[PDB]
Amino acid sequence: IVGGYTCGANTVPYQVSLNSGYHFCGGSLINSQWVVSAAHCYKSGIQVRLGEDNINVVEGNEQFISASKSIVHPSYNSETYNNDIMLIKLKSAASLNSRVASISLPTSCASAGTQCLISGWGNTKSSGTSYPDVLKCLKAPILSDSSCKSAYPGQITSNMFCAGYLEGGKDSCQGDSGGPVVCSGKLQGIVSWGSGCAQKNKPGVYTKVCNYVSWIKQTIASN
Ligand SMILES: N=C(N)c1ccc(O[C@@H]2CO[C@H]3[C@@H]2OC[C@@H]3Oc2cccc(C(=N)N)c2)cc1
Ligand SMILES: [Ca+2]
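The sequence shown lines up with residues 16 to 34, 37 to 67, 69 to 125, 127 to 130, 132 to 184, 184A, 185 to 188, 188A, 189 to 204, 209 to 217, 219 to 221, 221A, 222 to 245 when you count with PDB author numbering.
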């Protein structure tokens, strides 16, 4: 997250870190047994880490739980990142508490201008490299589809939306992928892609979760 702030320990209790020996992607807890992330974060051997703030220090509220299965969206395209969403099942149910909490799925899509909360442990530098060890947060609005499409001609589908600032300075970044975009208490987006980070006229692009609520609900009920 570039241009954001330190969230505060466990203030974003649905935020999970995906670990395979190291943090590599964000995710969102959506009930005690399931995580939503981005399909481009797929790999085998995932451990989901819940209740994290400093991902390099055991601070006493963590739950580390291995994935028992991952399900990449049936139409994910790795070239275009269309349908960039995946589900991960926990080998055992998480213990839900004030620091380990699920986030609600949308009932409808959000509209342009809505303010969202984006968070993660990704790079905080627009040029060069600095990874934070504590969770970072950013408030940013959903941009109009025309502004989105204009910045990225031919690359935006109906399953994507842009959020951020066209002026630059504030954006998600490498290492934030898979994490949440929450607007009005609902998971509306997944950190998916962008051009650099926090660059002018290149906002972040997010998976539009509201288009997948039926697939999510049906898939978790059948797995
Ligand atoms: N459909 C496409 N045209 C498109 C499809 C895929 C793609 O991937 C390249 C390689 O990975 C890069 C990059 O994208 C993912 C990542 O950079 C990020 C990751 C997370 C957030 C941000 C951000 N600035 N908000 C950037 C790139 C483009
Ligand atoms: Ca920790």
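Note that CB positions come from ideal geometry on N, CA and C, so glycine has one too.
**OP:** Return yes when the C-beta of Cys191 is under 6 Å from any heavy atom of ligand 1, and no when it is not.
**Re:** Yes, Cβ of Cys191 sits closer than 6 Å to a heavy atom of ligand 1.
Original post:
Are there 16 or more other CB atoms within 10 angstroms of the CB of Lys230, so buried, or fewer, so exposed?
Top reply: buried
**OP:** Please confirm whether any heavy atom of ligand 1 lies closer than 6 Å to the CB of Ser195.
**Re:** yes
**OP:** Could you say which of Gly23, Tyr29 and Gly203 lies nearest to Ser120 if we only look at CA atoms?
**Re:** Ranked by Cα distance from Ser120, the options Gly23, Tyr29 and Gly203 are led by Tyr29.
Original post:
Among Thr125, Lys239 and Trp215, which one has its Cα closest to the Cα of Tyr228?
Top reply: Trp215
**OP:** Under 8 Å by Cβ, that's how I've got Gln210 and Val200 pegged, so tell me the actual separation to the nearest angstrom.
**Re:** With a Cβ gap of about 7 Å, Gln210 and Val200 count as contacting.
Original post:
Which of helix, strand or coil does DSSP assign to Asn233?
Top reply: It is helical.
Subject >> alpha helix (DSSP H) segment containing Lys169, residue limits >> reply: Following the DSSP letters along the chain, one finds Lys169 inside the alpha helix (DSSP H) bounded by residues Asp165 to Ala171.
Subject >> For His40, the three-state DSSP class (helix, strand or coil) >> reply: Strand, per DSSP.
Original post:
With which residues is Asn100 paired in a DSSP beta bridge?
Top reply: Answer is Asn95.
**OP:** Assign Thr125 to one of three DSSP states: helix, strand, or coil.
**Re:** coil
Original post:
Bridge partners of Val90, per DSSP?
Top reply: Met104
Original post:
Do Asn115 and ligand 2 come close, with the Cβ less than 6 Å from some heavy atom?
Top reply: Because no heavy atom of ligand 2 lies under 6 Å away, the Cβ of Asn115 does not count as near it: no.
**OP:** Verify the contact flag: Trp215, CB atom, against every heavy atom of ligand 1, threshold strictly below 6 Å.
**Re:** yes
Original post:
Would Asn25 be called buried (16 or more neighbouring beta carbons within 10 Å of its own) or exposed?
Top reply: By the 10 Å Cβ count, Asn25 comes out buried.
Subject >> Straight-line Cα distance separating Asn223 from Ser122 >> reply: Using only the alpha carbons, I get a separation of about 31 Å.
Original post:
Going by beta carbon distance, what residues of the same chain come within less than 7 Å of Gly133, once the five residues before and after it are set aside?
Top reply: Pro161 and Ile162
Original post:
Buried or exposed: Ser127, going by 16 or more other Cβ atoms within 10 Å of its Cβ?
Top reply: exposed
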